[PDB]
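Enquirer: My sequence and its experimental structure, below.
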Amino acid sequence: XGXXXXXXXXXXXXXX
Amino acid sequence: XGXXXXXXXXXXXXXX
Amino acid sequence: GXXXXXXXXXXXXXX
Amino acid sequence: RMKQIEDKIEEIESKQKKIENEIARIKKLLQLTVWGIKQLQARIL
Amino acid sequence: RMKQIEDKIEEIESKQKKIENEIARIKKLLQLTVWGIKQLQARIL
Amino acid sequence: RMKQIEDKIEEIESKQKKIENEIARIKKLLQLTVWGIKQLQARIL
(Lines give C-alpha, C1' and ligand atoms only; values in the text may rest on other atoms or scores of the structure.)
Protein backbone atom coordinates (compact mmCIF):
# COMPACT_ATOMS: atom_id res chain seq x y z
CA UNK A 1 0.00 0.00 0.00
CA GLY A 2 1.59 3.24 1.18
CA UNK A 3 5.41 3.13 1.54
CA UNK A 4 8.13 1.86 -0.85
CA UNK A 5 9.51 5.42 -1.07
CA UNK A 6 6.31 6.33 -2.96
CA UNK A 7 7.11 4.04 -5.88
CA UNK A 8 9.96 4.32 -8.40
CA UNK A 9 10.18 0.48 -8.72
CA UNK A 10 10.82 0.21 -4.93
CA UNK A 11 13.41 2.99 -4.64
CA UNK A 12 16.17 0.39 -4.15
CA UNK A 13 14.28 -1.02 -1.04
CA UNK A 14 13.37 2.60 0.27
CA UNK A 15 17.11 3.30 0.22
CA UNK A 16 17.84 0.30 2.43
CA UNK B 1 3.36 -24.90 1.83
CA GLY B 2 1.77 -25.33 5.27
CA UNK B 3 1.88 -22.20 7.50
CA UNK B 4 0.68 -18.66 6.62
CA UNK B 5 -1.82 -18.89 9.48
CA UNK B 6 -3.60 -21.64 7.48
CA UNK B 7 -4.61 -19.25 4.67
CA UNK B 8 -7.07 -16.40 4.60
CA UNK B 9 -4.80 -14.46 2.19
CA UNK B 10 -1.88 -14.68 4.62
CA UNK B 11 -3.61 -13.88 7.91
CA UNK B 12 -2.06 -10.37 7.69
CA UNK B 13 1.38 -11.90 7.91
CA UNK B 14 0.45 -14.63 10.51
CA UNK B 15 -0.79 -11.91 12.88
CA UNK B 16 2.52 -9.85 12.62
CA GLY C 1 23.60 -13.37 -9.34
CA UNK C 2 23.73 -14.98 -5.88
CA UNK C 3 21.13 -17.41 -4.49
CA UNK C 4 23.75 -20.13 -4.26
CA UNK C 5 23.97 -19.96 -8.07
CA UNK C 6 20.45 -21.24 -8.69
CA UNK C 7 18.93 -24.69 -8.17
CA UNK C 8 15.54 -23.08 -7.44
CA UNK C 9 17.06 -20.94 -4.66
CA UNK C 10 19.22 -23.62 -3.00
CA UNK C 11 16.65 -23.81 -0.16
CA UNK C 12 17.41 -20.18 0.62
CA UNK C 13 21.24 -20.48 0.02
CA UNK C 14 21.21 -23.20 2.68
CA UNK C 15 19.50 -20.96 5.26
CA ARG D 1 30.32 1.03 46.29
CA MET D 2 29.53 -2.69 46.03
CA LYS D 3 25.79 -2.00 46.27
CA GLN D 4 25.97 0.50 43.38
CA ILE D 5 27.63 -2.23 41.29
CA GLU D 6 24.92 -4.74 42.31
CA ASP D 7 22.23 -2.19 41.33
CA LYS D 8 23.83 -1.67 37.90
CA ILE D 9 24.01 -5.44 37.40
CA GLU D 10 20.27 -5.72 38.14
CA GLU D 11 19.48 -3.09 35.50
CA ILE D 12 21.77 -4.82 32.96
CA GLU D 13 20.16 -8.20 33.66
CA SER D 14 16.62 -6.81 33.21
CA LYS D 15 17.59 -5.08 29.97
CA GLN D 16 19.20 -8.32 28.74
CA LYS D 17 15.91 -10.22 29.25
CA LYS D 18 14.05 -7.47 27.34
CA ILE D 19 16.58 -7.81 24.52
CA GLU D 20 16.27 -11.62 24.46
CA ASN D 21 12.46 -11.45 24.24
CA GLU D 22 12.68 -8.92 21.38
CA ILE D 23 15.18 -11.11 19.48
CA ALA D 24 12.84 -14.08 19.84
CA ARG D 25 9.95 -11.96 18.36
CA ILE D 26 12.11 -10.81 15.44
CA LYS D 27 13.30 -14.36 14.66
CA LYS D 28 9.67 -15.51 14.52
CA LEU D 29 8.65 -12.71 12.19
CA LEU D 30 11.70 -13.33 10.01
CA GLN D 31 10.66 -17.01 9.78
CA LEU D 32 7.22 -15.88 8.44
CA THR D 33 8.91 -13.71 5.83
CA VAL D 34 11.10 -16.57 4.66
CA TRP D 35 7.91 -18.59 4.30
CA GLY D 36 6.21 -15.79 2.31
CA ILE D 37 9.14 -15.61 -0.12
CA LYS D 38 9.02 -19.35 -0.58
CA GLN D 39 5.26 -19.34 -1.16
CA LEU D 40 5.49 -16.48 -3.71
CA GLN D 41 8.39 -18.12 -5.55
CA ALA D 42 6.46 -21.40 -5.83
CA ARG D 43 3.45 -19.56 -7.32
CA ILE D 44 5.83 -17.93 -9.81
CA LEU D 45 7.77 -21.10 -10.78
CA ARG E 1 39.09 -5.28 42.30
CA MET E 2 36.20 -2.80 42.51
CA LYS E 3 37.63 -0.33 39.96
CA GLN E 4 38.14 -3.20 37.47
CA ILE E 5 34.52 -4.26 37.97
CA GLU E 6 33.25 -0.69 37.49
CA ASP E 7 35.10 -0.48 34.17
CA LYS E 8 33.75 -3.86 33.04
CA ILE E 9 30.22 -2.69 33.86
CA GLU E 10 30.59 0.46 31.76
CA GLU E 11 31.77 -1.69 28.84
CA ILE E 12 28.80 -4.07 29.29
CA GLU E 13 26.40 -1.10 29.25
CA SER E 14 28.08 0.17 26.08
CA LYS E 15 27.73 -3.22 24.41
CA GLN E 16 24.08 -3.38 25.42
CA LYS E 17 23.38 0.00 23.72
CA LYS E 18 25.16 -1.13 20.52
CA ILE E 19 22.94 -4.26 20.57
CA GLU E 20 19.76 -2.19 21.15
CA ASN E 21 20.75 0.07 18.22
CA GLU E 22 21.43 -2.95 16.02
CA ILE E 23 18.04 -4.46 16.88
CA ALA E 24 16.40 -1.18 15.93
CA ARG E 25 18.11 -1.27 12.50
CA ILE E 26 17.11 -4.94 11.95
CA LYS E 27 13.49 -4.20 12.83
CA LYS E 28 13.33 -1.33 10.38
CA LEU E 29 14.72 -3.37 7.52
CA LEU E 30 12.34 -6.20 8.41
CA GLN E 31 9.44 -3.74 8.22
CA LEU E 32 10.54 -2.92 4.66
CA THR E 33 10.80 -6.58 3.60
CA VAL E 34 7.34 -7.37 5.07
CA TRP E 35 5.98 -4.48 2.99
CA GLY E 36 7.69 -5.81 -0.18
CA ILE E 37 6.18 -9.25 0.33
CA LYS E 38 2.74 -7.72 0.95
CA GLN E 39 3.05 -5.58 -2.19
CA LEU E 40 4.19 -8.51 -4.35
CA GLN E 41 1.48 -10.84 -3.17
CA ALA E 42 -1.21 -8.17 -3.83
CA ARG E 43 0.02 -7.79 -7.42
CA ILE E 44 0.08 -11.55 -8.05
CA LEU E 45 -3.37 -12.11 -6.54
CA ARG F 1 30.77 -10.52 47.65
CA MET F 2 33.51 -9.60 45.15
CA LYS F 3 33.85 -13.06 43.64
CA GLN F 4 30.07 -13.39 43.19
CA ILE F 5 30.07 -10.06 41.31
CA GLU F 6 33.07 -11.09 39.21
CA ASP F 7 31.30 -14.33 38.23
CA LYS F 8 28.09 -12.46 37.40
CA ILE F 9 30.06 -10.15 35.12
CA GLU F 10 31.62 -13.05 33.22
CA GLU F 11 28.13 -14.60 32.89
CA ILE F 12 26.70 -11.33 31.56
CA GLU F 13 29.55 -11.01 29.06
CA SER F 14 28.86 -14.60 27.92
CA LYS F 15 25.14 -13.87 27.43
CA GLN F 16 25.99 -10.70 25.47
CA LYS F 17 28.25 -12.63 23.13
CA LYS F 18 25.46 -15.18 22.55
CA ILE F 19 23.13 -12.30 21.68
CA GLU F 20 25.69 -10.75 19.31
CA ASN F 21 26.00 -14.09 17.51
CA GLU F 22 22.20 -14.48 17.29
CA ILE F 23 21.86 -10.96 15.86
CA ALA F 24 24.59 -11.77 13.29
CA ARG F 25 22.64 -14.88 12.21
CA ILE F 26 19.40 -12.90 11.94
CA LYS F 27 21.04 -10.17 9.83
CA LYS F 28 22.49 -12.75 7.40
CA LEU F 29 19.10 -14.40 6.94
CA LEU F 30 17.35 -11.05 6.60
CA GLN F 31 19.84 -10.12 3.87
CA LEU F 32 18.99 -13.37 1.97
CA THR F 33 15.30 -12.41 2.16
CA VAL F 34 16.05 -8.98 0.69
CA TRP F 35 17.88 -10.68 -2.21
CA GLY F 36 14.87 -12.93 -2.69
CA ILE F 37 12.31 -10.10 -2.71
CA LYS F 38 14.38 -8.33 -5.35
CA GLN F 39 14.57 -11.47 -7.51
CA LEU F 40 10.83 -12.02 -7.25
CA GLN F 41 10.05 -8.42 -8.12
CA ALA F 42 12.33 -8.56 -11.16
CA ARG F 43 10.60 -11.67 -12.42
CA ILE F 44 7.18 -10.06 -12.02
CA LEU F 45 8.30 -6.80 -13.69
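Expert: Yep, it's here. Numbering: from 1, shown residues only, chains lettered A, B, ... in the order given.
Enquirer: Can you tell me the number of residues neighbouring residue D:34?
Expert: 19 (other Cβ atoms under 10 Å in any protein chain shown). The way it works is simple: take the backbone N, C-alpha and C, and place the C-beta from them, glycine included.
Enquirer: typed the wrong thing, it's residue D:23
Expert: Quick note: residue D:23 (other Cβ under 10 Å) scores 18 neighbours.
Enquirer: Ignoring the adjacent residues along the chain, who's closest to it?
Expert: residue F:22 (5.7 Å; Cβ to Cβ, 6 or more residues apart in numbering or on different chains).
Enquirer: What strand or helix carries the one you found?
Expert: When elements are assigned from DSSP states H and E, residue F:22 belongs to helix F:2-44.
Enquirer: Quick check: residues of chain D near chain B?
Expert: Counting by Cβ under 8 Å from any Cβ of the partner chain, chain D comes close to chain B at D:29, D:32, D:35, D:36, D:38, D:39, D:42.
Enquirer: Could you rerun that using 6 Å?
Expert: D:32, D:35 (Cβ under 6 Å from any Cβ of the partner chain).
Enquirer: Any residues of chain D in contact with chain E? List them.
Expert: Near chain E, when you scan chain D using Cβ under 6 Å from any Cβ, you find D:1, D:5, D:8, D:12, D:15, D:22, D:33, D:36, D:40.
Enquirer: can you put those residues in a markdown table and add distance to residue C:1?
Expert: Written out in a markdown table, the entries for the residues of chain D next to chain E read as follows (distance: Cβ to Cβ, whole Å):
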| residue | distance to residue C:1 |
| --- | --- |
| D:1 | 58 |
| D:5 | 52 |
| D:8 | 49 |
| D:12 | 44 |
| D:15 | 41 |
| D:22 | 34 |
| D:33 | 22 |
| D:36 | 23 |
| D:40 | 20 |
